[PDB]
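Enquirer: For reference, the file my_file_16.pdb (PDB, C-alpha atoms) is included below:
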ATOM      1  CA  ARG A   1      -8.812  -3.568  13.169  1.00  0.00           C
ATOM      2  CA  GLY A   2     -11.574  -6.176  12.809  1.00  0.00           C
ATOM      3  CA  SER A   3     -14.544  -4.162  14.112  1.00  0.00           C
ATOM      4  CA  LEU A   4     -15.692  -3.060  10.648  1.00  0.00           C
ATOM      5  CA  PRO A   5     -15.349  -4.990   7.376  1.00  0.00           C
ATOM      6  CA  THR A   6     -11.926  -4.684   5.765  1.00  0.00           C
ATOM      7  CA  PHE A   7     -11.341  -4.879   1.997  1.00  0.00           C
ATOM      8  CA  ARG A   8      -8.246  -5.242  -0.179  1.00  0.00           C
ATOM      9  CA  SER A   9      -7.353  -3.787  -3.565  1.00  0.00           C
ATOM     10  CA  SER A  10      -4.249  -5.234  -5.226  1.00  0.00           C
ATOM     11  CA  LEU A  11      -1.898  -4.656  -8.100  1.00  0.00           C
ATOM     12  CA  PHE A  12       1.187  -6.649  -9.137  1.00  0.00           C
ATOM     13  CA  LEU A  13       3.804  -5.376 -11.596  1.00  0.00           C
ATOM     14  CA  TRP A  14       6.907  -6.948 -12.980  1.00  0.00           C
ATOM     15  CA  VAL A  15       9.695  -4.367 -12.940  1.00  0.00           C
ATOM     16  CA  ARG A  16      12.427  -4.724 -15.514  1.00  0.00           C
ATOM     17  CA  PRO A  17      14.946  -2.327 -17.088  1.00  0.00           C
TER      18      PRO A  17
ATOM     19  CA  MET B   1      13.339   0.074   8.893  1.00  0.00           C
ATOM     20  CA  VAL B   2      16.206   0.654   6.438  1.00  0.00           C
ATOM     21  CA  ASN B   3      17.927  -0.356   3.197  1.00  0.00           C
ATOM     22  CA  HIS B   4      16.062  -1.671  -3.397  1.00  0.00           C
ATOM     23  CA  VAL B   5      12.639  -0.089  -4.184  1.00  0.00           C
ATOM     24  CA  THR B   6      11.302   2.878  -2.150  1.00  0.00           C
ATOM     25  CA  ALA B   7       7.982   4.630  -1.598  1.00  0.00           C
ATOM     26  CA  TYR B   8       7.169   8.206  -0.558  1.00  0.00           C
ATOM     27  CA  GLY B   9       4.253  10.658  -0.916  1.00  0.00           C
ATOM     28  CA  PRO B  10       1.254  12.229   0.885  1.00  0.00           C
ATOM     29  CA  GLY B  11      -1.081   9.268   0.223  1.00  0.00           C
ATOM     30  CA  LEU B  12       1.176   7.102   2.384  1.00  0.00           C
ATOM     31  CA  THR B  13       0.282   9.121   5.438  1.00  0.00           C
ATOM     32  CA  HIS B  14      -3.046  10.988   4.943  1.00  0.00           C
ATOM     33  CA  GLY B  15      -5.938  11.474   2.485  1.00  0.00           C
ATOM     34  CA  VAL B  16      -9.522  12.773   2.130  1.00  0.00           C
ATOM     35  CA  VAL B  17     -12.633  10.720   1.312  1.00  0.00           C
ATOM     36  CA  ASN B  18     -13.587  10.548  -2.409  1.00  0.00           C
ATOM     37  CA  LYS B  19     -10.460  12.404  -3.630  1.00  0.00           C
ATOM     38  CA  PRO B  20      -7.444  10.485  -5.081  1.00  0.00           C
ATOM     39  CA  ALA B  21      -4.615   9.950  -2.584  1.00  0.00           C
ATOM     40  CA  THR B  22      -1.176   9.744  -4.255  1.00  0.00           C
ATOM     41  CA  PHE B  23       2.351   8.553  -3.629  1.00  0.00           C
ATOM     42  CA  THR B  24       5.425   7.593  -5.642  1.00  0.00           C
ATOM     43  CA  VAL B  25       7.240   4.249  -6.067  1.00  0.00           C
ATOM     44  CA  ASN B  26      10.860   4.742  -7.014  1.00  0.00           C
ATOM     45  CA  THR B  27      12.395   1.791  -8.871  1.00  0.00           C
ATOM     46  CA  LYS B  28      15.585   3.597  -9.975  1.00  0.00           C
ATOM     47  CA  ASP B  29      18.332   0.926  -9.928  1.00  0.00           C
ATOM     48  CA  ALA B  30      16.183  -1.746  -8.341  1.00  0.00           C
ATOM     49  CA  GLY B  31      16.940  -5.235  -9.672  1.00  0.00           C
ATOM     50  CA  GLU B  32      14.274  -6.680 -11.822  1.00  0.00           C
ATOM     51  CA  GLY B  33      11.485  -8.095  -9.692  1.00  0.00           C
ATOM     52  CA  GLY B  34       7.870  -8.345  -8.600  1.00  0.00           C
ATOM     53  CA  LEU B  35       6.311  -5.197  -7.225  1.00  0.00           C
ATOM     54  CA  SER B  36       3.172  -5.816  -5.081  1.00  0.00           C
ATOM     55  CA  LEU B  37       0.855  -2.971  -4.149  1.00  0.00           C
ATOM     56  CA  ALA B  38      -2.071  -3.578  -1.800  1.00  0.00           C
ATOM     57  CA  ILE B  39      -4.422  -1.358   0.177  1.00  0.00           C
ATOM     58  CA  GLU B  40      -6.625  -2.547   3.018  1.00  0.00           C
ATOM     59  CA  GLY B  41      -9.249  -0.495   4.858  1.00  0.00           C
ATOM     60  CA  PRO B  42     -12.940   0.256   5.541  1.00  0.00           C
ATOM     61  CA  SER B  43     -13.617   0.419   1.746  1.00  0.00           C
ATOM     62  CA  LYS B  44     -12.411  -1.170  -1.482  1.00  0.00           C
ATOM     63  CA  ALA B  45     -10.185   1.677  -2.782  1.00  0.00           C
ATOM     64  CA  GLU B  46      -9.632   1.825  -6.580  1.00  0.00           C
ATOM     65  CA  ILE B  47      -5.876   1.827  -7.342  1.00  0.00           C
ATOM     66  CA  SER B  48      -4.437   3.487 -10.430  1.00  0.00           C
ATOM     67  CA  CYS B  49      -0.799   3.413 -11.457  1.00  0.00           C
ATOM     68  CA  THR B  50       1.094   5.243 -14.224  1.00  0.00           C
ATOM     69  CA  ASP B  51       4.684   4.720 -15.321  1.00  0.00           C
ATOM     70  CA  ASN B  52       6.287   8.187 -15.353  1.00  0.00           C
ATOM     71  CA  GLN B  53       8.920   6.805 -17.778  1.00  0.00           C
ATOM     72  CA  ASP B  54      11.841   7.770 -15.465  1.00  0.00           C
ATOM     73  CA  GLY B  55      11.972   4.677 -13.188  1.00  0.00           C
ATOM     74  CA  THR B  56       9.196   6.182 -11.067  1.00  0.00           C
ATOM     75  CA  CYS B  57       5.573   5.110 -10.646  1.00  0.00           C
ATOM     76  CA  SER B  58       2.828   7.510  -9.676  1.00  0.00           C
ATOM     77  CA  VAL B  59       0.192   5.653  -7.688  1.00  0.00           C
ATOM     78  CA  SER B  60      -3.226   6.807  -6.497  1.00  0.00           C
ATOM     79  CA  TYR B  61      -6.047   5.177  -4.604  1.00  0.00           C
ATOM     80  CA  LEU B  62      -9.625   6.372  -4.190  1.00  0.00           C
ATOM     81  CA  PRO B  63     -10.950   5.774  -0.665  1.00  0.00           C
ATOM     82  CA  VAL B  64     -14.753   6.041  -0.372  1.00  0.00           C
ATOM     83  CA  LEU B  65     -15.119   5.715   3.419  1.00  0.00           C
ATOM     84  CA  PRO B  66     -12.997   7.649   5.948  1.00  0.00           C
ATOM     85  CA  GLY B  67     -10.837   5.657   8.445  1.00  0.00           C
ATOM     86  CA  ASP B  68      -7.385   3.990   8.546  1.00  0.00           C
ATOM     87  CA  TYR B  69      -5.999   2.411   5.399  1.00  0.00           C
ATOM     88  CA  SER B  70      -2.943   0.115   5.298  1.00  0.00           C
ATOM     89  CA  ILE B  71      -0.802   0.529   2.208  1.00  0.00           C
ATOM     90  CA  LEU B  72       1.429  -2.514   1.630  1.00  0.00           C
ATOM     91  CA  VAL B  73       4.371  -2.241  -0.753  1.00  0.00           C
ATOM     92  CA  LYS B  74       6.570  -5.256  -1.370  1.00  0.00           C
ATOM     93  CA  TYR B  75       9.451  -5.875  -3.715  1.00  0.00           C
ATOM     94  CA  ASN B  76      10.109  -9.547  -4.354  1.00  0.00           C
ATOM     95  CA  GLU B  77       8.057 -10.599  -1.285  1.00  0.00           C
ATOM     96  CA  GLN B  78       9.952  -8.139   0.977  1.00  0.00           C
ATOM     97  CA  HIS B  79       8.577  -4.978   2.564  1.00  0.00           C
ATOM     98  CA  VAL B  80       9.858  -1.693   1.314  1.00  0.00           C
ATOM     99  CA  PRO B  81      11.184   0.594   4.162  1.00  0.00           C
ATOM    100  CA  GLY B  82       8.143   1.723   6.160  1.00  0.00           C
ATOM    101  CA  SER B  83       5.771  -0.801   4.611  1.00  0.00           C
ATOM    102  CA  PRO B  84       3.033  -1.457   5.772  1.00  0.00           C
ATOM    103  CA  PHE B  85       2.162   2.238   5.861  1.00  0.00           C
ATOM    104  CA  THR B  86      -0.987   3.694   7.547  1.00  0.00           C
ATOM    105  CA  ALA B  87      -2.954   6.517   5.969  1.00  0.00           C
ATOM    106  CA  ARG B  88      -5.497   8.405   8.133  1.00  0.00           C
ATOM    107  CA  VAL B  89      -8.266   9.149   5.611  1.00  0.00           C
ATOM    108  CA  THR B  90     -10.608  11.887   6.941  1.00  0.00           C
ATOM    109  CA  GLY B  91     -14.138  12.794   5.798  1.00  0.00           C
TER     110      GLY B  91
END
Could you write out this file's structure as structure tokens?

Expert:
Amino acid sequence: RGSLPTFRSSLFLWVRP
Amino acid sequence: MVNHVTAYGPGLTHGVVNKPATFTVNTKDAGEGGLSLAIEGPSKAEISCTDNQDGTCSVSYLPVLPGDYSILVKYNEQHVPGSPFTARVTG
């Protein structure tokens, strides 16, 4: 980890009944 | 790592390059709260997420380079059991 570029994809959800 | 939201599915552990890798997020009788999904690895993987209507979410990501991807799943700032996961994505 760190030798090649690292990327992030993200998602946030509010969970509610 | 024990327990609340949970996560299971093939995409948590393995995948193949350019095909959608999938897993499930079970929110049956979770509180209400913030669900974070993140994926880190050698490429920016597109995430898609559908509510299955039954307290279950079907999540897929599309990895474009092979390698190791970390899948991070948090409920209200806390790691779900097994999170962060590591998927070996082969070519």

Enquirer: Please identify every residue of chain A that has at least one atom no more than 6 Å from any atom of chain B, counting all atoms listed in the file, and report them as a list in words.

Expert: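 On the chain A side, the interface is residues 6, 7, 8, 9, 10, 11, 12, 13, 14, 15 and 16 of chain A.
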
Enquirer: Identify which of the residues B:22, B:13, B:3, B:56 lies closest to residue 17 of chain A, counting only C-alpha atoms when measuring atom-to-atom distances.

Expert: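 Using only C-alpha atoms, residue 17 of chain A sits closest to B:56.
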
Enquirer: Edge lengths and centre in Å to one decimal, as JSON, is what I'm after for the box along x, y and z that holds all listed atoms of segment 1-12 of chain A once 3 Å is added on each side.

Expert:
{"center_x": -7.3, "center_y": -4.9, "center_z": 2.5, "size_x": 22.9, "size_y": 9.6, "size_z": 29.2}

Enquirer: Which residues, written as a PyMOL selection string, have at least one atom at most 6 Å from segment 5-12 of chain B, with all atoms listed in the file counted and residues fewer than 4 positions away on the same chain left out?

Expert: chain B and resi 21-27+30+80+87

Enquirer: Can you work out the spacing between atom CA of residue 78 of chain B and atom CA of residue 54 of chain B in Å, to one decimal?

Expert: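 Separation between atom CA of residue 78 of chain B and atom CA of residue 54 of chain B: 23.0 Å.
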
Enquirer: Pick from B:67, B:53, B:2, B:16: nearest to residue 86 of chain B, with only C-alpha atoms counted?

Expert: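 For residue 86 of chain B, the nearest of the given residues is B:67.
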
Enquirer: What is the distance, in Å and to one decimal place, between atom CA of residue 81 of chain B and atom CA of residue 15 of chain B?

Expert: 20.4 Å

Enquirer: What does the distance from atom CA of residue 50 of chain B to atom CA of residue 20 of chain B come to in Å, to one decimal?

Expert: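 Separating atom CA of residue 50 of chain B from atom CA of residue 20 of chain B is a distance of 13.6 Å.
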
Enquirer: Taking into account all atoms listed in the file, which residue in the set B:65, B:91, B:85, B:77 is nearest to residue 5 of chain A?

Expert: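 Looking at the shortest contact to residue 5 of chain A, the residue is B:65.
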
Enquirer: Taking the file as shown, what set of residues would the PyMOL selection byres ((chain B and resi 18) around 7) give back, as a list in words?

Expert: residues 16, 17, 19, 20, 62, 63 and 64 of chain B
